[PDB]
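Engineer: Below you'll find my_file22.pdb; it's PDB, C-alpha atoms.
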ATOM      1  CA  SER A   7     -50.348  42.894 -93.307
ATOM      2  CA  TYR A   8     -49.336  44.981 -96.291
ATOM      3  CA  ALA A   9     -46.482  42.585 -97.068
ATOM      4  CA  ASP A  10     -48.869  39.643 -97.355
ATOM      5  CA  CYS A  11     -51.213  41.830 -99.365
ATOM      6  CA  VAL A  12     -48.651  42.946-101.949
ATOM      7  CA  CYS A  13     -47.051  39.516-102.306
ATOM      8  CA  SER A  14     -50.342  37.678-102.607
ATOM      9  CA  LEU A  15     -51.918  40.256-104.881
ATOM     10  CA  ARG A  16     -48.848  40.228-107.111
ATOM     11  CA  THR A  17     -49.046  36.444-107.355
ATOM     12  CA  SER A  18     -52.749  36.712-108.136
ATOM     13  CA  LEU A  19     -52.153  39.085-111.009
ATOM     14  CA  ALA A  20     -49.268  36.948-112.222
ATOM     15  CA  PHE A  21     -51.455  33.865-112.428
ATOM     16  CA  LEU A  22     -54.150  35.926-114.127
ATOM     17  CA  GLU A  23     -51.565  37.019-116.662
ATOM     18  CA  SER A  24     -50.632  33.371-117.132
ATOM     19  CA  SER A  25     -54.292  32.501-117.645
ATOM     20  CA  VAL A  26     -54.877  35.110-120.322
ATOM     21  CA  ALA A  27     -51.493  34.435-121.964
ATOM     22  CA  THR A  28     -52.148  30.742-122.426
ATOM     23  CA  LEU A  29     -55.665  31.586-123.536
ATOM     24  CA  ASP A  30     -54.143  33.804-126.207
ATOM     25  CA  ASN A  31     -51.948  30.955-127.354
ATOM     26  CA  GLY A  32     -54.939  28.555-127.324
ATOM     27  CA  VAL A  33     -58.007  30.550-128.456
ATOM     28  CA  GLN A  34     -56.695  33.278-130.847
ATOM     29  CA  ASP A  35     -57.657  31.156-133.875
ATOM     30  CA  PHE A  36     -61.407  31.215-133.133
ATOM     31  CA  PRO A  37     -62.323  34.574-134.827
ATOM     32  CA  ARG A  38     -61.241  33.254-138.202
ATOM     33  CA  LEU A  39     -63.595  30.317-137.964
ATOM     34  CA  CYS A  40     -66.221  32.548-136.397
ATOM     35  CA  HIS A  41     -66.168  34.853-139.405
ATOM     36  CA  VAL A  42     -66.192  31.783-141.659
ATOM     37  CA  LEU A  43     -69.195  30.177-140.062
ATOM     38  CA  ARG A  44     -70.948  33.543-139.810
ATOM     39  CA  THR A  45     -70.688  33.682-143.578
ATOM     40  CA  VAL A  46     -71.928  30.049-143.730
ATOM     41  CA  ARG A  47     -74.902  30.616-141.337
ATOM     42  CA  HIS A  48     -77.395  31.420-144.153
ATOM     43  CA  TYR A  49     -79.798  28.537-143.489
ATOM     44  CA  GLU A  50     -83.445  28.046-144.414
ATOM     45  CA  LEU A  51     -85.117  24.644-144.715
ATOM     46  CA  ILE A  52     -88.514  23.649-146.110
ATOM     47  CA  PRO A  53     -88.855  19.888-146.757
ATOM     48  CA  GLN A  54     -90.620  19.810-150.094
ATOM     49  CA  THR A  55     -91.206  16.069-149.731
ATOM     50  CA  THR A  56     -92.692  16.323-146.220
TER      51      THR A  56
ATOM     52  CA  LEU B   3     -83.213 -45.892-152.968
ATOM     53  CA  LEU B   4     -83.928 -44.859-156.578
ATOM     54  CA  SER B   5     -86.935 -42.733-155.691
ATOM     55  CA  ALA B   6     -85.100 -41.690-152.525
ATOM     56  CA  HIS B   7     -82.302 -40.139-154.582
ATOM     57  CA  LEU B   8     -84.774 -38.563-157.009
ATOM     58  CA  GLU B   9     -86.895 -37.197-154.175
ATOM     59  CA  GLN B  10     -83.818 -35.957-152.289
ATOM     60  CA  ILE B  11     -82.559 -33.960-155.252
ATOM     61  CA  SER B  12     -86.069 -32.660-155.912
ATOM     62  CA  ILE B  13     -86.386 -31.567-152.273
ATOM     63  CA  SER B  14     -83.131 -29.653-152.440
ATOM     64  CA  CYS B  15     -84.149 -28.150-155.787
ATOM     65  CA  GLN B  16     -87.440 -26.942-154.344
ATOM     66  CA  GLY B  17     -85.850 -25.629-151.173
ATOM     67  CA  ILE B  18     -83.183 -23.782-153.164
ATOM     68  CA  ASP B  19     -85.208 -22.189-155.966
ATOM     69  CA  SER B  20     -87.966 -21.369-153.495
ATOM     70  CA  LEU B  21     -85.486 -19.336-151.400
ATOM     71  CA  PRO B  22     -86.854 -15.770-151.395
ATOM     72  CA  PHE B  23     -83.530 -14.293-152.346
ATOM     73  CA  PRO B  24     -83.438 -10.483-151.772
ATOM     74  CA  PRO B  25     -85.091  -9.072-154.903
ATOM     75  CA  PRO B  26     -84.918  -5.431-156.009
ATOM     76  CA  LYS B  27     -86.777  -4.218-152.876
ATOM     77  CA  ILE B  28     -84.088  -1.590-152.808
ATOM     78  CA  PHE B  29     -84.072   2.177-152.481
ATOM     79  CA  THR B  30     -80.294   2.819-152.566
ATOM     80  CA  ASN B  31     -79.674   1.835-156.178
ATOM     81  CA  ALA B  32     -82.297   4.074-157.758
ATOM     82  CA  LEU B  33     -81.737   6.599-154.950
ATOM     83  CA  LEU B  34     -78.205   7.200-156.231
ATOM     84  CA  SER B  35     -78.455   5.900-159.820
ATOM     85  CA  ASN B  36     -81.532   7.884-160.966
ATOM     86  CA  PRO B  37     -80.794  11.498-160.017
ATOM     87  CA  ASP B  38     -84.220  13.020-160.635
ATOM     88  CA  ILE B  39     -86.527  15.511-158.946
ATOM     89  CA  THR B  40     -86.831  15.027-155.222
ATOM     90  CA  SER B  41     -89.690  13.018-153.722
ATOM     91  CA  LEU B  42     -89.866  10.339-151.023
ATOM     92  CA  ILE B  43     -88.822   7.197-152.974
ATOM     93  CA  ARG B  44     -90.129   6.135-156.366
ATOM     94  CA  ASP B  45     -89.165   2.566-157.126
ATOM     95  CA  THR B  46     -89.599   2.194-160.881
ATOM     96  CA  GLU B  47     -92.137  -0.614-160.502
ATOM     97  CA  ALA B  48     -93.277  -0.444-164.119
TER      98      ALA B  48
END
Since I need it in another form, could you write the structure as structure tokens?
Structural biologist:
Amino acid sequence: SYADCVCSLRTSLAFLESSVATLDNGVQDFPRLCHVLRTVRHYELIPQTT
Amino acid sequence: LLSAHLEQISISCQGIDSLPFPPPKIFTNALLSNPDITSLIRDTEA
């Protein structure tokens, strides 16, 4: 029982580590653009012609 | 014959000059040639 538990749980954590690792390699650039667009977000619109 | 040729050329002349060619019923030109204060569209129809 415990053998299956440790092996399977270890594999689970390993794949979770893989998940987060690839996510680091593929999402780490977002905060830059997030800060950028947060600075760009100042929007207000009143159509003078309408 | 004679009048047929005259009439033929006159028919083509009428059909050609009478063609309502696209006149300046245009927004685009003034829209991006006359940068002025914003409004809907103001065709300078003076």
Engineer: Find the residues in chain A near chain B: any atom within 10 Å counts, using all atoms listed in the file. Write them as a list in words.
Structural biologist: residues 53, 54, 55 and 56 of chain A
Engineer: Within 12 Å of residue 36 (chain B), counting all atoms listed in the file, which residues show up once you throw out same-chain ones fewer than 6 positions away? Write them as a PDB file with C-alpha atoms, keeping the file's coordinate frame, please.
Structural biologist:
ATOM      1  CA  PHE B  29     -84.072   2.177-152.481  1.00  0.00           C
ATOM      2  CA  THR B  30     -80.294   2.819-152.566  1.00  0.00           C
ATOM      3  CA  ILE B  43     -88.822   7.197-152.974  1.00  0.00           C
ATOM      4  CA  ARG B  44     -90.129   6.135-156.366  1.00  0.00           C
ATOM      5  CA  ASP B  45     -89.165   2.566-157.126  1.00  0.00           C
ATOM      6  CA  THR B  46     -89.599   2.194-160.881  1.00  0.00           C
TER       7      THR B  46
END
Engineer: Could you tell me how far CA of residue 22 (chain A) lies from CA of residue 36 (chain A), in Å and to one decimal?
Structural biologist: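 These two atoms are separated by 20.9 Å.
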Engineer: Would you compute the box with edges along x, y and z of the file around region 37-52 of chain A, including every atom the file lists for it and 3 Å extra on each side, and give its centre and edge lengths in Å to one decimal, as JSON?
Structural biologist:
{"center_x": -74.9, "center_y": 29.3, "center_z": -140.5, "size_x": 33.3, "size_y": 17.2, "size_z": 17.3}
Engineer: If you measure from CA of residue 39 (chain B) to CA of residue 52 (chain A), what distance in Å do you get, rounded to one decimal?
Structural biologist: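 According to the coordinates, CA of residue 39 (chain B) and CA of residue 52 (chain A) are separated by 15.3 Å.
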